[PDB]
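Participant: Would you mind keeping the following structure in view while I ask a few things?
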Amino acid sequence: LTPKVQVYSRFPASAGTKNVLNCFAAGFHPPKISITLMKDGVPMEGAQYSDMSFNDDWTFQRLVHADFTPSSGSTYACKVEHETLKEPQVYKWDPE
Amino acid sequence: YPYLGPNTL
Amino acid sequence: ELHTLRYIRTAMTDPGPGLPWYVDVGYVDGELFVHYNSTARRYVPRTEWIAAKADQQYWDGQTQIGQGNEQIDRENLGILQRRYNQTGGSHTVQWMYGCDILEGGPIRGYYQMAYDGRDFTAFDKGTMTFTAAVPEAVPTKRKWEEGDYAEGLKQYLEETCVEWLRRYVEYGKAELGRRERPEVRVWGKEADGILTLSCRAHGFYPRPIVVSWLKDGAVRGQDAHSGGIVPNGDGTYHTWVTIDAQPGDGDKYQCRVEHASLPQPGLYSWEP
């Protein structure tokens with residue numbers, strides 16, 4: 001099954017303020033998935049790959065998050081590579 | 001607290 | 001009232017590059033508190049209360065089960081490969097067992113399994129028999145019935161599971177019983193002649209929250225798009241809804257947020 005991905009921030013998108021960007025894919029199979037958060041087409045420094053799990057209907061879900069500071073002009077997005085998708089899909093972070 | 005085993009399939 | 005304990009495993013043939021093949025995880029009241037890994041080979045705490053209020057013999061005894069639980073799943077993976085007559089590839093074994101309690105006493109008790117994203121077996125506690133969902137799981141049904149593991153599971157689900165659960169709730173009573181308030185922000189943008197408003201609750205606890213759009217003081221569940229409730233890194237939850245509307249009609253719409261933390265449901269309007 002194809003993953004349903006959603007990019008979002010932990011706190012309100014205030015420019016130049018500490019925040020945590022989150023990428024949450026869910027509802028996919030098999031569990032082998034490569035989720036990466038990118039800043040202007042470049043993977044974000046640090047990062048923190050959280051624990052994976054699956055729901056009642058045996059379908060997987062993974063959370064990935066990284067502490068950062070959102071600057072103005074810089075574009076943020078979450079790249080996702082899965083066996084079902086054929087070609088990688090990029091999900092864009094819409095601030096505000 | 002988890003449950004050990006019980007055995008293989 | 002309602003407290004739930006759930007343990008979950010995931011044994012994989014092809015987990016990925018630099019990732020563990022086997023992982024065993026536990027959940028109390030829909031919150032991650034205990035974790036095990038194939039690389040680390042030891043159980044570790046995720047929450048503060050379980051880490052603070054637990055002795056070494058608890059972890060050491062639990063680790064011995066985890067190292068055990070890892071070993072059978074290695075054997076299992078190989079067993080299904082030969083039973084299905086498969087050369088290899090991306091296969092996965094899933095386990096899902098837990099117990100629910102209401103006002104002290106137990107209500108539900110389950111012990112299930114799935115192979116390659118499809119149900120394999122399930123322990124029916126009432127009839128005292130395992131069910132074979134797939135023709136390839138019929139041998140396992142005969143194996144697990146001859147050797148009465150069903151007596152062992154009933155002992156675990158009703159007595160063992162419940163006694164530990166009552167203790168876990170008592171440890172994290174404050175951290176499970178807490179309430180956090182959602183930081184809500186309303187925003188809208190022009191797409192292609194159509195205004196698309198969006199309500200976004202950020203950090204809140206517990207999980208179940210009701211967020212909806214109100215046109216002229218009336219709930220509009222048409223044209224509304226929701227992405228469900230999604231988790232955060234620090235043991236809290238997040239949700240998001242959006243509504244397609246006519247341009248100019250900004251003051252008509254209102255985001256109502258109903259949550260356990262809030263006594264009165266707070267309304268929010270778009271004002272820049």
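Chain identifiers are assigned as A, B, and so on, following the order in which chains appear in the structure tokens; residues are numbered from 1 within each chain, and ligands are numbered from 1 in order of appearance.
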Name the residues in contact with residue 40 of chain C at a cut-off of 12 Å, using only C-alpha atoms, excluding same-chain residues fewer than 4 positions from it; report them as a ChimeraX atom specification.

Facilitator: /C:19-24,35-36,44,63,66-67,70

Participant: Output N, CA, C and O atoms for every residue in the selection just made, as a PDB file, in the first residue's frame.

Facilitator:
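Done, and the output landed in again30.pdb:
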```
ATOM      1  N   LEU C  19      19.252  -0.385   9.592  1.00  0.00           N
ATOM      2  CA  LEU C  19      18.063  -0.510  10.433  1.00  0.00           C
ATOM      3  C   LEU C  19      17.979  -1.916  11.028  1.00  0.00           C
ATOM      4  O   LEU C  19      18.495  -2.870  10.441  1.00  0.00           O
ATOM      5  N   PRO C  20      17.327  -2.050  12.198  1.00  0.00           N
ATOM      6  CA  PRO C  20      17.193  -3.355  12.841  1.00  0.00           C
ATOM      7  C   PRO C  20      16.110  -4.221  12.199  1.00  0.00           C
ATOM      8  O   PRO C  20      15.095  -3.701  11.732  1.00  0.00           O
ATOM      9  N   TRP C  21      16.334  -5.532  12.190  1.00  0.00           N
ATOM     10  CA  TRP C  21      15.394  -6.482  11.591  1.00  0.00           C
ATOM     11  C   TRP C  21      14.219  -6.801  12.522  1.00  0.00           C
ATOM     12  O   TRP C  21      13.091  -6.978  12.058  1.00  0.00           O
ATOM     13  N   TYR C  22      14.489  -6.871  13.825  1.00  0.00           N
ATOM     14  CA  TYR C  22      13.463  -7.167  14.828  1.00  0.00           C
ATOM     15  C   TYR C  22      13.308  -6.007  15.809  1.00  0.00           C
ATOM     16  O   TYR C  22      14.300  -5.446  16.278  1.00  0.00           O
ATOM     17  N   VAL C  23      12.058  -5.655  16.109  1.00  0.00           N
ATOM     18  CA  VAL C  23      11.746  -4.631  17.109  1.00  0.00           C
ATOM     19  C   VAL C  23      10.506  -5.033  17.911  1.00  0.00           C
ATOM     20  O   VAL C  23       9.497  -5.443  17.336  1.00  0.00           O
ATOM     21  N   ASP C  24      10.600  -4.929  19.235  1.00  0.00           N
ATOM     22  CA  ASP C  24       9.479  -5.220  20.130  1.00  0.00           C
ATOM     23  C   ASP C  24       9.160  -3.967  20.940  1.00  0.00           C
ATOM     24  O   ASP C  24      10.052  -3.366  21.539  1.00  0.00           O
ATOM     25  N   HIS C  35      10.478   0.018  25.030  1.00  0.00           N
ATOM     26  CA  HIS C  35      11.025  -0.276  23.701  1.00  0.00           C
ATOM     27  C   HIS C  35      12.154  -1.306  23.773  1.00  0.00           C
ATOM     28  O   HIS C  35      12.961  -1.286  24.704  1.00  0.00           O
ATOM     29  N   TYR C  36      12.202  -2.196  22.782  1.00  0.00           N
ATOM     30  CA  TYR C  36      13.282  -3.178  22.640  1.00  0.00           C
ATOM     31  C   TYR C  36      13.812  -3.159  21.208  1.00  0.00           C
ATOM     32  O   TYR C  36      13.075  -2.842  20.271  1.00  0.00           O
ATOM     33  N   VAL C  44      14.415  -0.797  27.018  1.00  0.00           N
ATOM     34  CA  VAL C  44      14.705   0.550  27.518  1.00  0.00           C
ATOM     35  C   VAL C  44      13.422   1.372  27.663  1.00  0.00           C
ATOM     36  O   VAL C  44      12.467   1.166  26.911  1.00  0.00           O
ATOM     37  N   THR C  63      14.268  -8.167  29.711  1.00  0.00           N
ATOM     38  CA  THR C  63      15.273  -8.312  28.652  1.00  0.00           C
ATOM     39  C   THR C  63      15.454  -9.774  28.241  1.00  0.00           C
ATOM     40  O   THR C  63      15.630 -10.071  27.058  1.00  0.00           O
ATOM     41  N   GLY C  66      12.727 -10.501  25.962  1.00  0.00           N
ATOM     42  CA  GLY C  66      12.986  -9.826  24.689  1.00  0.00           C
ATOM     43  C   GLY C  66      14.011 -10.541  23.829  1.00  0.00           C
ATOM     44  O   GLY C  66      13.821 -10.690  22.620  1.00  0.00           O
ATOM     45  N   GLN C  67      15.102 -10.976  24.455  1.00  0.00           N
ATOM     46  CA  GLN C  67      16.123 -11.778  23.777  1.00  0.00           C
ATOM     47  C   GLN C  67      15.565 -13.142  23.367  1.00  0.00           C
ATOM     48  O   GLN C  67      15.968 -13.700  22.345  1.00  0.00           O
ATOM     49  N   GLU C  70      13.073 -12.433  20.452  1.00  0.00           N
ATOM     50  CA  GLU C  70      13.851 -12.198  19.237  1.00  0.00           C
ATOM     51  C   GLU C  70      14.236 -13.513  18.553  1.00  0.00           C
ATOM     52  O   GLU C  70      14.210 -13.608  17.325  1.00  0.00           O
TER      53      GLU C  70
END
```

Participant: Using only C-alpha atoms, find the residues of chain C whose closest atom to chain B is at most 9 Å away, then write them as a compact mmCIF listing (two decimals) with C-alpha atoms, in the first residue's frame.

Facilitator:
```txt
# COMPACT_ATOMS: atom_id res chain seq x y z
CA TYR C 7 2.61 -5.17 23.09
CA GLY C 26 4.90 -1.72 24.33
CA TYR C 58 12.27 -5.81 36.18
CA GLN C 62 12.07 -8.34 30.74
CA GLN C 64 15.52 -12.11 28.95
CA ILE C 65 12.03 -12.33 27.42
CA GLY C 66 12.99 -9.83 24.69
CA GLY C 68 13.91 -14.88 23.82
CA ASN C 69 11.16 -13.20 21.76
CA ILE C 72 11.73 -17.45 18.02
CA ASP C 73 10.95 -14.79 15.40
CA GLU C 75 13.14 -19.25 13.50
CA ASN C 76 9.59 -18.29 12.47
CA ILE C 79 9.63 -21.65 8.87
CA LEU C 80 7.15 -19.62 6.78
CA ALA C 137 -1.84 -21.27 8.94
CA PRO C 139 -0.62 -26.45 10.61
CA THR C 140 0.02 -23.80 13.30
CA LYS C 141 -3.57 -24.24 14.58
CA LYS C 143 0.47 -27.36 16.76
CA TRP C 144 -0.79 -24.74 19.22
CA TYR C 149 -0.49 -22.87 25.04
CA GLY C 152 -0.81 -20.27 29.28
CA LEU C 153 -2.28 -17.36 27.30
CA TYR C 156 -1.29 -14.18 30.95
CA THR C 160 -0.55 -11.39 34.54
CA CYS C 161 -1.40 -8.63 32.03
CA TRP C 164 1.11 -5.29 35.64
CA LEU C 165 -1.27 -2.83 33.94
```

Participant: So which one's closest to chain C, A:44, A:77, A:63, A:15? Using only C-alpha atoms, please.

Facilitator: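 Checking each candidate against chain C, we get A:63 as the closest.
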
Participant: Which chain C residues are at most 9 Å from chain A (counting only C-alpha atoms), as a ChimeraX atom specification?

Facilitator: /C:8-10,12,14-16,23,25,35,90-92,94,96,114,116-119,183-188,202-203,227,230-233,238
